[PDB]
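Trainee: Supplied structure: data-v3.cif, mmCIF, C-alpha atoms.
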data_target
loop_
_atom_site.label_atom_id
_atom_site.label_comp_id
_atom_site.auth_asym_id
_atom_site.auth_seq_id
_atom_site.Cartn_x
_atom_site.Cartn_y
_atom_site.Cartn_z
CA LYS A 1 105.18 -59.52 -18.78
CA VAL A 2 101.51 -58.90 -19.65
CA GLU A 3 100.75 -60.62 -16.34
CA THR A 4 97.13 -60.82 -15.26
CA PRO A 5 96.34 -61.34 -11.56
CA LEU A 6 95.27 -64.87 -12.50
CA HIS A 7 98.79 -65.47 -13.87
CA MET A 8 100.32 -64.22 -10.61
CA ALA A 9 98.04 -66.52 -8.63
CA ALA A 10 99.02 -69.40 -10.93
CA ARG A 11 102.76 -68.87 -10.42
CA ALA A 12 102.46 -68.80 -6.63
CA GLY A 13 99.65 -71.32 -6.23
CA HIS A 14 96.89 -69.71 -4.13
CA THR A 15 93.92 -71.66 -5.44
CA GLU A 16 91.42 -69.59 -3.43
CA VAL A 17 92.46 -66.24 -4.93
CA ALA A 18 92.31 -67.73 -8.43
CA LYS A 19 88.96 -69.31 -7.54
CA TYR A 20 87.53 -65.91 -6.60
CA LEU A 21 89.06 -64.22 -9.66
CA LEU A 22 87.62 -66.88 -11.97
CA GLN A 23 84.29 -66.53 -10.16
CA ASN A 24 83.97 -62.81 -10.80
CA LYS A 25 86.09 -61.78 -13.83
CA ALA A 26 89.13 -63.61 -15.23
CA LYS A 27 89.91 -65.17 -18.60
CA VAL A 28 91.13 -68.70 -17.93
CA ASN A 29 92.82 -68.95 -21.34
CA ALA A 30 94.32 -65.45 -21.14
CA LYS A 31 97.70 -65.24 -22.85
CA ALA A 32 100.75 -63.35 -21.60
CA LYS A 33 104.28 -62.62 -22.76
CA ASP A 34 105.83 -65.69 -24.43
CA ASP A 35 102.21 -66.80 -25.04
CA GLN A 36 101.78 -68.30 -21.56
CA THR A 37 98.42 -69.25 -20.07
CA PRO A 38 97.84 -69.56 -16.31
CA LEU A 39 97.70 -73.31 -16.95
CA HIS A 40 101.34 -73.14 -18.07
CA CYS A 41 102.36 -71.31 -14.89
CA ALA A 42 100.41 -73.71 -12.68
CA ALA A 43 101.89 -76.74 -14.45
CA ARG A 44 105.44 -75.41 -14.15
CA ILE A 45 105.27 -75.27 -10.34
CA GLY A 46 103.32 -78.53 -10.26
CA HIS A 47 100.44 -77.36 -8.06
CA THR A 48 97.98 -80.13 -8.90
CA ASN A 49 94.77 -78.83 -7.30
CA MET A 50 95.02 -75.39 -8.89
CA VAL A 51 95.65 -77.09 -12.23
CA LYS A 52 92.44 -79.10 -11.77
CA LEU A 53 90.52 -75.93 -10.87
CA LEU A 54 91.77 -73.99 -13.91
CA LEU A 55 91.16 -76.94 -16.24
CA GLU A 56 87.69 -77.50 -14.77
CA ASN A 57 86.58 -73.91 -15.29
CA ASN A 58 87.59 -73.11 -18.88
CA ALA A 59 91.29 -73.88 -19.43
CA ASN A 60 92.26 -75.59 -22.68
CA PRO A 61 95.36 -77.84 -22.46
CA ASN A 62 96.15 -77.61 -26.18
CA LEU A 63 97.18 -73.95 -25.97
CA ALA A 64 100.92 -73.61 -26.59
CA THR A 65 103.61 -70.98 -26.14
CA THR A 66 105.79 -69.37 -28.81
CA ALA A 67 108.23 -72.25 -28.31
CA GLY A 68 105.37 -74.73 -28.79
CA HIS A 69 105.18 -75.91 -25.17
CA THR A 70 101.76 -76.99 -23.94
CA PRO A 71 101.24 -77.33 -20.16
CA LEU A 72 101.78 -81.06 -20.68
CA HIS A 73 105.25 -80.27 -22.04
CA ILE A 74 106.16 -78.18 -18.99
CA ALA A 75 104.75 -80.76 -16.57
CA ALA A 76 106.78 -83.46 -18.33
CA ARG A 77 109.86 -81.23 -18.13
CA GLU A 78 109.56 -80.79 -14.36
CA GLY A 79 108.36 -84.36 -13.74
CA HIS A 80 104.99 -83.52 -12.16
CA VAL A 81 103.17 -86.85 -12.33
CA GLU A 82 99.94 -85.67 -10.69
CA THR A 83 99.80 -82.56 -12.88
CA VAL A 84 100.33 -84.74 -15.97
CA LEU A 85 97.55 -87.07 -14.81
CA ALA A 86 95.14 -84.18 -14.24
CA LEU A 87 95.97 -82.61 -17.62
CA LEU A 88 95.52 -85.94 -19.42
CA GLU A 89 92.22 -86.44 -17.59
CA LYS A 90 91.17 -83.03 -18.93
CA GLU A 91 91.89 -84.04 -22.57
CA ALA A 92 95.50 -82.90 -22.96
CA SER A 93 96.86 -83.91 -26.37
CA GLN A 94 100.13 -85.82 -26.39
CA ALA A 95 100.19 -85.47 -30.19
CA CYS A 96 101.00 -81.79 -29.70
CA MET A 97 104.58 -81.07 -30.75
CA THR A 98 106.96 -78.21 -30.07
CA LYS A 99 108.83 -76.27 -32.75
CA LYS A 100 111.79 -78.62 -32.28
CA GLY A 101 109.41 -81.55 -32.79
CA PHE A 102 109.11 -82.81 -29.22
CA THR A 103 106.08 -84.56 -27.74
CA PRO A 104 105.64 -84.70 -23.95
CA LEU A 105 107.15 -88.19 -24.19
CA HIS A 106 110.11 -86.60 -25.98
CA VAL A 107 110.53 -84.11 -23.12
CA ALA A 108 110.29 -86.89 -20.53
CA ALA A 109 112.96 -88.84 -22.44
CA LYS A 110 115.16 -85.73 -22.62
CA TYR A 111 114.89 -84.96 -18.90
CA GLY A 112 114.81 -88.53 -17.57
CA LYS A 113 111.30 -88.36 -16.07
CA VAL A 114 110.58 -92.07 -15.89
CA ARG A 115 107.29 -91.74 -14.00
CA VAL A 116 105.89 -89.15 -16.41
CA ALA A 117 107.00 -91.31 -19.34
CA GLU A 118 105.41 -94.33 -17.65
CA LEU A 119 102.07 -92.54 -17.31
CA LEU A 120 102.14 -91.14 -20.85
CA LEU A 121 102.97 -94.53 -22.39
CA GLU A 122 100.26 -96.02 -20.17
CA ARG A 123 97.65 -93.68 -21.69
CA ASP A 124 97.92 -93.31 -25.47
CA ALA A 125 101.47 -92.30 -26.39
CA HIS A 126 103.17 -93.46 -29.57
CA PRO A 127 106.70 -94.65 -28.67
CA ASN A 128 107.93 -93.92 -32.21
CA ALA A 129 106.48 -90.45 -32.81
CA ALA A 130 108.93 -88.22 -34.68
CA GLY A 131 109.14 -84.76 -36.21
CA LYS A 132 110.86 -83.40 -39.29
CA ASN A 133 114.28 -84.42 -37.95
CA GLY A 134 112.90 -87.91 -37.38
CA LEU A 135 114.04 -88.11 -33.76
CA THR A 136 112.01 -90.55 -31.65
CA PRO A 137 111.76 -90.55 -27.84
CA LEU A 138 114.27 -93.41 -27.93
CA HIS A 139 116.66 -91.13 -29.85
CA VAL A 140 116.45 -88.41 -27.19
CA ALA A 141 116.68 -90.93 -24.35
CA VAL A 142 119.88 -92.40 -25.81
CA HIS A 143 121.30 -88.96 -26.63
CA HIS A 144 120.77 -87.68 -23.08
CA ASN A 145 121.87 -91.02 -21.54
CA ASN A 146 118.65 -91.91 -19.71
CA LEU A 147 119.00 -95.64 -19.08
CA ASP A 148 115.67 -95.90 -17.24
CA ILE A 149 113.80 -94.16 -20.06
CA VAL A 150 115.39 -96.48 -22.64
CA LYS A 151 114.59 -99.56 -20.55
CA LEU A 152 110.99 -98.35 -20.27
CA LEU A 153 110.58 -97.36 -23.93
CA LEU A 154 111.98 -100.56 -25.44
CA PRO A 155 109.37 -103.08 -24.13
CA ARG A 156 106.44 -100.81 -25.05
CA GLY A 157 107.43 -100.36 -28.71
CA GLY A 158 110.43 -98.05 -28.77
CA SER A 159 112.05 -99.19 -31.99
CA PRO A 160 115.84 -99.48 -32.24
CA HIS A 161 115.40 -99.43 -36.02
CA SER A 162 113.94 -95.92 -36.18
CA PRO A 163 116.15 -93.72 -38.41
CA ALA A 164 116.78 -90.00 -37.97
CA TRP A 165 117.11 -87.46 -40.79
CA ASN A 166 120.71 -88.55 -41.35
CA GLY A 167 119.75 -92.22 -40.97
CA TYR A 168 121.12 -92.56 -37.44
CA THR A 169 119.53 -95.15 -35.17
CA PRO A 170 119.55 -94.96 -31.36
CA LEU A 171 122.31 -97.58 -31.52
CA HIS A 172 124.36 -95.08 -33.55
CA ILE A 173 124.11 -92.53 -30.73
CA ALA A 174 124.83 -95.18 -28.09
CA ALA A 175 127.94 -96.38 -29.95
CA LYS A 176 129.23 -92.84 -30.50
CA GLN A 177 128.76 -91.82 -26.86
CA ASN A 178 130.14 -95.05 -25.29
CA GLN A 179 126.84 -95.91 -23.56
CA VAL A 180 127.60 -99.60 -23.18
CA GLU A 181 124.52 -100.55 -21.14
CA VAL A 182 122.16 -98.65 -23.46
CA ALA A 183 123.82 -100.44 -26.38
CA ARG A 184 123.28 -103.82 -24.71
CA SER A 185 119.60 -103.01 -24.15
CA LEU A 186 119.15 -101.84 -27.75
CA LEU A 187 120.91 -104.93 -29.12
CA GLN A 188 118.79 -107.14 -26.86
CA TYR A 189 115.64 -105.56 -28.30
CA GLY A 190 116.72 -106.11 -31.91
CA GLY A 191 119.21 -103.35 -32.64
CA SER A 192 121.31 -103.88 -35.76
CA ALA A 193 125.02 -103.06 -35.59
CA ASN A 194 125.21 -102.82 -39.40
CA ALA A 195 122.47 -100.20 -39.80
CA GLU A 196 123.74 -97.52 -42.16
CA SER A 197 123.35 -93.75 -42.24
CA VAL A 198 122.75 -91.75 -45.41
CA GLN A 199 126.53 -91.86 -45.94
CA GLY A 200 126.94 -95.54 -45.06
CA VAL A 201 128.11 -95.01 -41.47
CA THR A 202 127.35 -97.89 -39.10
CA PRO A 203 127.46 -97.81 -35.28
CA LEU A 204 130.71 -99.77 -35.57
CA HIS A 205 132.17 -96.88 -37.59
CA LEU A 206 131.22 -94.38 -34.88
CA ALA A 207 132.49 -96.63 -32.08
CA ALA A 208 135.83 -97.20 -33.82
CA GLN A 209 136.21 -93.51 -34.68
CA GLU A 210 135.52 -92.43 -31.09
CA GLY A 211 137.93 -95.01 -29.66
CA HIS A 212 135.54 -97.19 -27.65
CA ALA A 213 137.15 -100.63 -27.61
CA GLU A 214 134.51 -102.19 -25.35
CA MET A 215 131.73 -100.83 -27.58
CA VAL A 216 133.49 -102.20 -30.67
CA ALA A 217 133.83 -105.63 -29.05
CA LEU A 218 130.16 -105.55 -28.01
CA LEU A 219 129.05 -104.67 -31.55
CA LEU A 220 131.33 -107.30 -33.10
CA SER A 221 129.77 -109.88 -30.78
CA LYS A 222 126.45 -108.95 -32.44
CA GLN A 223 127.26 -109.63 -36.14
CA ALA A 224 128.87 -106.28 -36.89
CA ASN A 225 130.84 -106.26 -40.15
CA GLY A 226 134.28 -104.76 -39.64
CA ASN A 227 135.07 -104.95 -43.35
CA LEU A 228 131.98 -102.93 -44.31
CA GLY A 229 132.70 -99.54 -45.84
CA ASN A 230 130.83 -96.24 -46.09
CA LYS A 231 129.96 -94.39 -49.31
CA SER A 232 133.63 -93.38 -49.64
CA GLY A 233 134.83 -96.91 -48.86
CA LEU A 234 136.17 -96.02 -45.41
CA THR A 235 136.26 -98.94 -42.97
CA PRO A 236 136.27 -98.73 -39.17
CA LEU A 237 140.01 -99.39 -39.41
CA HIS A 238 140.28 -96.30 -41.63
CA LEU A 239 138.57 -94.17 -38.97
CA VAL A 240 140.82 -95.69 -36.29
CA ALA A 241 143.76 -94.65 -38.48
CA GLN A 242 142.30 -91.15 -38.79
CA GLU A 243 142.02 -90.71 -35.02
CA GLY A 244 144.68 -93.13 -33.75
CA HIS A 245 143.32 -95.57 -31.14
CA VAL A 246 145.61 -98.59 -30.72
CA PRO A 247 143.26 -100.74 -28.54
CA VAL A 248 140.40 -100.44 -31.05
CA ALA A 249 142.69 -101.46 -33.91
CA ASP A 250 143.80 -104.41 -31.77
CA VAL A 251 140.21 -105.64 -31.40
CA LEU A 252 139.49 -105.04 -35.09
CA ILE A 253 142.61 -106.94 -36.21
CA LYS A 254 141.85 -109.79 -33.79
CA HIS A 255 138.35 -110.03 -35.25
CA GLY A 256 139.66 -110.55 -38.78
CA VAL A 257 139.43 -107.12 -40.37
CA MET A 258 141.46 -106.75 -43.57
CA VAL A 259 144.54 -104.67 -42.75
CA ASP A 260 144.99 -103.41 -46.32
CA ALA A 261 141.38 -102.49 -47.10
CA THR A 262 141.15 -99.78 -49.76
CA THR A 263 138.71 -96.91 -50.20
CA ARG A 264 137.29 -95.67 -53.51
CA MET A 265 140.53 -93.82 -54.33
CA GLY A 266 142.81 -96.58 -53.03
CA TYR A 267 143.68 -95.34 -49.55
CA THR A 268 144.66 -97.97 -46.98
CA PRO A 269 144.52 -97.57 -43.19
CA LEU A 270 148.30 -97.19 -43.33
CA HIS A 271 147.79 -94.29 -45.76
CA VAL A 272 145.36 -92.58 -43.38
CA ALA A 273 147.55 -93.20 -40.32
CA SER A 274 150.59 -91.76 -42.10
CA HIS A 275 148.49 -88.80 -43.27
CA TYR A 276 147.16 -87.94 -39.80
CA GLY A 277 150.42 -88.47 -37.90
CA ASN A 278 149.52 -91.39 -35.61
CA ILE A 279 152.90 -93.09 -35.27
CA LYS A 280 151.74 -95.77 -32.82
CA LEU A 281 149.04 -97.03 -35.17
CA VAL A 282 151.50 -96.92 -38.07
CA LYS A 283 153.76 -99.19 -36.01
CA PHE A 284 150.78 -101.43 -35.18
CA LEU A 285 149.73 -101.77 -38.84
CA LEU A 286 153.32 -102.42 -39.95
CA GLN A 287 153.55 -105.12 -37.27
CA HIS A 288 150.33 -106.61 -38.68
CA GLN A 289 151.60 -106.87 -42.29
CA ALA A 290 150.38 -103.60 -43.80
CA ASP A 291 151.75 -102.82 -47.26
CA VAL A 292 154.31 -100.09 -46.62
CA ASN A 293 154.67 -99.46 -50.37
CA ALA A 294 150.93 -99.51 -51.13
CA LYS A 295 149.81 -97.04 -53.79
CA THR A 296 146.49 -95.30 -54.35
CA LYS A 297 144.79 -94.84 -57.72
CA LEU A 298 146.92 -91.69 -58.17
CA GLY A 299 150.08 -93.55 -57.12
CA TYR A 300 150.50 -92.03 -53.66
CA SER A 301 152.38 -94.03 -51.03
CA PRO A 302 151.99 -93.65 -47.26
CA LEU A 303 155.44 -92.06 -47.43
CA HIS A 304 153.96 -89.53 -49.88
CA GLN A 305 151.25 -88.63 -47.36
CA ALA A 306 153.80 -88.45 -44.54
CA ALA A 307 156.02 -86.09 -46.53
CA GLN A 308 153.03 -83.99 -47.62
CA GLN A 309 151.78 -83.57 -44.04
CA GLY A 310 155.28 -83.00 -42.63
CA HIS A 311 155.44 -85.92 -40.17
CA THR A 312 159.20 -86.50 -39.95
CA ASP A 313 159.01 -89.32 -37.39
CA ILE A 314 156.40 -91.09 -39.53
CA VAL A 315 158.79 -90.77 -42.49
CA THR A 316 161.65 -92.25 -40.45
CA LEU A 317 159.49 -95.14 -39.22
CA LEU A 318 158.27 -95.88 -42.75
CA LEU A 319 161.79 -95.85 -44.21
CA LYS A 320 162.96 -98.12 -41.39
CA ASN A 321 160.11 -100.49 -42.32
CA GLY A 322 160.88 -100.65 -46.04
CA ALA A 323 159.18 -97.63 -47.59
CA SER A 324 160.64 -97.04 -51.03
CA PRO A 325 161.70 -93.53 -52.06
CA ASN A 326 162.15 -92.47 -55.71
CA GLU A 327 158.67 -93.88 -56.42
CA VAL A 328 156.71 -91.44 -58.56
CA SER A 329 152.98 -90.79 -58.31
CA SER A 330 150.68 -90.17 -61.26
CA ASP A 331 151.00 -86.44 -60.59
CA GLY A 332 154.75 -86.81 -61.12
CA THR A 333 155.89 -85.96 -57.57
CA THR A 334 158.30 -87.88 -55.36
CA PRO A 335 158.00 -87.53 -51.55
CA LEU A 336 161.19 -85.44 -51.55
CA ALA A 337 159.67 -83.22 -54.24
CA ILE A 338 156.50 -82.76 -52.18
CA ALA A 339 158.51 -82.00 -49.03
CA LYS A 340 160.50 -79.39 -50.97
CA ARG A 341 157.26 -78.02 -52.44
CA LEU A 342 155.67 -77.23 -49.08
CA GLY A 343 159.08 -76.52 -47.55
CA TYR A 344 159.24 -79.03 -44.68
CA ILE A 345 162.92 -78.70 -43.77
CA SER A 346 163.12 -81.73 -41.47
CA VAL A 347 161.26 -84.05 -43.87
CA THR A 348 163.42 -82.80 -46.74
CA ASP A 349 166.58 -83.40 -44.70
CA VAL A 350 165.52 -86.96 -43.86
CA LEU A 351 164.39 -87.80 -47.40
CA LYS A 352 167.45 -86.30 -49.11
CA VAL A 353 169.70 -88.96 -47.55
CA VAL A 354 167.79 -91.91 -49.05
CA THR A 355 166.71 -90.34 -52.37
CA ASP A 356 168.88 -90.63 -55.47
CA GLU A 357 169.55 -87.73 -57.82
CA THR A 358 166.92 -86.95 -60.45
CA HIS A 359 150.57 -78.73 -57.56
CA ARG A 360 148.20 -81.51 -56.47
CA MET A 361 147.63 -82.48 -52.84
CA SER A 362 146.46 -85.98 -51.93
CA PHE A 363 143.75 -86.08 -49.26
CA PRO A 364 142.13 -89.27 -47.93
CA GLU A 365 138.35 -89.43 -47.93
CA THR A 366 136.64 -88.39 -44.70
CA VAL A 367 133.26 -88.72 -43.00
CA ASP A 368 131.33 -85.47 -42.55
CA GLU A 369 128.37 -87.08 -40.77
CA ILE A 370 127.18 -85.38 -37.58
CA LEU A 371 123.89 -85.41 -35.67
CA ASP A 372 122.24 -82.27 -34.27
CA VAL A 373 119.98 -83.53 -31.47
CA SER A 374 121.13 -81.40 -28.52
CA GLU A 375 119.05 -78.45 -27.25
#
Go ahead and render the structure in this file as structure tokens.
Mentor:
Amino acid sequence: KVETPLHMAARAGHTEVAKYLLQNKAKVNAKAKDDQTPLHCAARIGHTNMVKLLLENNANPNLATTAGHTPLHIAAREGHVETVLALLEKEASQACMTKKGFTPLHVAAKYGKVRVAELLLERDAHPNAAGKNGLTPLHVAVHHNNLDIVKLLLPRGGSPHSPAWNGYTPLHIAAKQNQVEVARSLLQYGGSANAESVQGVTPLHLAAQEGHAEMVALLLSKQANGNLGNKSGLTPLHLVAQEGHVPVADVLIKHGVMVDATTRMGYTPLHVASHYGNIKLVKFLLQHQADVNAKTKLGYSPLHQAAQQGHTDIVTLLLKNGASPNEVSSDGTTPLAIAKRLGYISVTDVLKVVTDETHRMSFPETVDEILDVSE
């Protein structure tokens, strides 16, 4: 791999052979395949003394590979504290960033190296450095679930309020991934539970969507707004209806969240729960006074959504709870007409009993937000 003898000495760690090679004839900053210097190979294995020798002779720490990894990045990846100290003593730049946008502090946060992160933050590291994606070391520490790295970054200036490209905070990632302790630390250091993404998504929205009842209770204890909606008007109860978590809906309803909150197009949580086929949450909402005959702006009932999506048991439960057939939407379709249109035999059979004698599909708004911070 375009390997010089100095590279081979660097990988193994014989400092005397490399000393003699550098004495007679060897380029210290010689590059190999994947643009690797002998400093990179010495920092990967963590041989401190050989690193000091190479750096003392002519090695430049700022040289980076095709992936953008300086020897500081590799030493932070493998948690070599003495190698990091020697490199920083020989003017290694922590401002150097990989192609992904990672500083050595970012790599330490990713791989949980708390001693390397301690040393870097001790000597001239910005806790809130970010790349094009806007990810901070706190973002990576929360994403990879490094509690020690978070608890070390927060006192020294790791900001919970730092937004990513999509507007996500570290508290967003903590709430989505059910990292309760990380969430408590972030909220202790000023994290806001009502911080919004580019689409209006709050950490409460992500916690309710992912079915983390303890996380939802923790956020609600910190001035989270359960009635707050995203750009499409979807509430955390709407996301609970989309995925179907009864315990989260219990906490939300006990907090005081409006059961019949409407989106931009008039969809209620009962509408979404009937659409997505979560019968238990339909029962829960109907027990908590949801409007069974609620209509959207286009006149669609939850029974309309149930017939359109073919949920026969949802249809039966709605009719048992007072859903009214023969009601006509603005498109001119009854639930029996929709069931006949997409040919759901069971839904048609159930609806034909309670319906008297006489090409648009209704879809609730959804959240397409997702964060790409892995790898």
Trainee: Could you list, with a cut-off of 9 Å and counting only C-alpha atoms, the residues of range 222-337 of chain A near range 187-210 of chain A, each shown with its nearest atom pair and the distance in Å rounded to one decimal, rows sorted by chain and ascending number, as JSON lines?
Mentor:
{"residue": "A:222", "atom": "CA", "partner": "A:193", "partner_atom": "CA", "distance": 6.8}
{"residue": "A:223", "atom": "CA", "partner": "A:193", "partner_atom": "CA", "distance": 7.0}
{"residue": "A:224", "atom": "CA", "partner": "A:193", "partner_atom": "CA", "distance": 5.2}
{"residue": "A:225", "atom": "CA", "partner": "A:194", "partner_atom": "CA", "distance": 6.6}
{"residue": "A:226", "atom": "CA", "partner": "A:204", "partner_atom": "CA", "distance": 7.4}
{"residue": "A:228", "atom": "CA", "partner": "A:194", "partner_atom": "CA", "distance": 8.4}
{"residue": "A:229", "atom": "CA", "partner": "A:200", "partner_atom": "CA", "distance": 7.1}
{"residue": "A:230", "atom": "CA", "partner": "A:200", "partner_atom": "CA", "distance": 4.1}
{"residue": "A:231", "atom": "CA", "partner": "A:200", "partner_atom": "CA", "distance": 5.3}
{"residue": "A:232", "atom": "CA", "partner": "A:199", "partner_atom": "CA", "distance": 8.1}
{"residue": "A:233", "atom": "CA", "partner": "A:200", "partner_atom": "CA", "distance": 8.9}
{"residue": "A:234", "atom": "CA", "partner": "A:205", "partner_atom": "CA", "distance": 8.8}
{"residue": "A:235", "atom": "CA", "partner": "A:205", "partner_atom": "CA", "distance": 7.1}
{"residue": "A:236", "atom": "CA", "partner": "A:205", "partner_atom": "CA", "distance": 4.8}
{"residue": "A:237", "atom": "CA", "partner": "A:208", "partner_atom": "CA", "distance": 7.3}
{"residue": "A:238", "atom": "CA", "partner": "A:209", "partner_atom": "CA", "distance": 8.5}
{"residue": "A:239", "atom": "CA", "partner": "A:209", "partner_atom": "CA", "distance": 4.9}
{"residue": "A:240", "atom": "CA", "partner": "A:209", "partner_atom": "CA", "distance": 5.3}
{"residue": "A:241", "atom": "CA", "partner": "A:209", "partner_atom": "CA", "distance": 8.5}
{"residue": "A:242", "atom": "CA", "partner": "A:209", "partner_atom": "CA", "distance": 7.7}
{"residue": "A:243", "atom": "CA", "partner": "A:209", "partner_atom": "CA", "distance": 6.5}
{"residue": "A:244", "atom": "CA", "partner": "A:209", "partner_atom": "CA", "distance": 8.5}
{"residue": "A:245", "atom": "CA", "partner": "A:208", "partner_atom": "CA", "distance": 8.1}
{"residue": "A:248", "atom": "CA", "partner": "A:208", "partner_atom": "CA", "distance": 6.2}
{"residue": "A:249", "atom": "CA", "partner": "A:208", "partner_atom": "CA", "distance": 8.1}
{"residue": "A:252", "atom": "CA", "partner": "A:208", "partner_atom": "CA", "distance": 8.7}
Trainee: Do you know which residues the PyMOL selection byres ((chain A and resi 85) around 10) returns on this file, as a PDB file with C-alpha atoms, keeping the file's coordinate frame?
Mentor:
ATOM      1  CA  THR A  48      97.980 -80.130  -8.900  1.00  0.00           C
ATOM      2  CA  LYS A  52      92.440 -79.100 -11.770  1.00  0.00           C
ATOM      3  CA  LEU A  72     101.780 -81.060 -20.680  1.00  0.00           C
ATOM      4  CA  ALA A  75     104.750 -80.760 -16.570  1.00  0.00           C
ATOM      5  CA  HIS A  80     104.990 -83.520 -12.160  1.00  0.00           C
ATOM      6  CA  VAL A  81     103.170 -86.850 -12.330  1.00  0.00           C
ATOM      7  CA  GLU A  82      99.940 -85.670 -10.690  1.00  0.00           C
ATOM      8  CA  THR A  83      99.800 -82.560 -12.880  1.00  0.00           C
ATOM      9  CA  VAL A  84     100.330 -84.740 -15.970  1.00  0.00           C
ATOM     10  CA  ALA A  86      95.140 -84.180 -14.240  1.00  0.00           C
ATOM     11  CA  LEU A  87      95.970 -82.610 -17.620  1.00  0.00           C
ATOM     12  CA  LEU A  88      95.520 -85.940 -19.420  1.00  0.00           C
ATOM     13  CA  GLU A  89      92.220 -86.440 -17.590  1.00  0.00           C
ATOM     14  CA  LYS A  90      91.170 -83.030 -18.930  1.00  0.00           C
ATOM     15  CA  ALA A  92      95.500 -82.900 -22.960  1.00  0.00           C
ATOM     16  CA  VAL A 116     105.890 -89.150 -16.410  1.00  0.00           C
ATOM     17  CA  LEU A 119     102.070 -92.540 -17.310  1.00  0.00           C
ATOM     18  CA  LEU A 120     102.140 -91.140 -20.850  1.00  0.00           C
ATOM     19  CA  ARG A 123      97.650 -93.680 -21.690  1.00  0.00           C
TER      20      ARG A 123
END
Trainee: So how far away is CA of residue 329 in chain A from CA of residue 342 in chain A, in Å?
Mentor: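 Taking CA of residue 342 in chain A as the start and CA of residue 329 in chain A as the end point, the length is 16.6 Å.
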Trainee: What is the distance between CA of residue 357 in chain A and CA of residue 297 in chain A, in Å to one decimal?
Mentor: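 Pair CA of residue 357 in chain A / CA of residue 297 in chain A returns 25.8 Å.
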Trainee: Measuring between all atoms listed in the file, which one of A:344, A:276, A:363, A:102 shows the shortest distance to residue 296 in chain A?
Mentor: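 Ranked by minimum distance to residue 296 in chain A, first place goes to A:363.
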Trainee: Got a sec to resolve the PyMOL selection byres ((chain A and resi 364) around 9) on this structure and send the residues as number ranges by chain?
Mentor: A: 263, 265-267, 271-272, 275, 362-363, 365-366
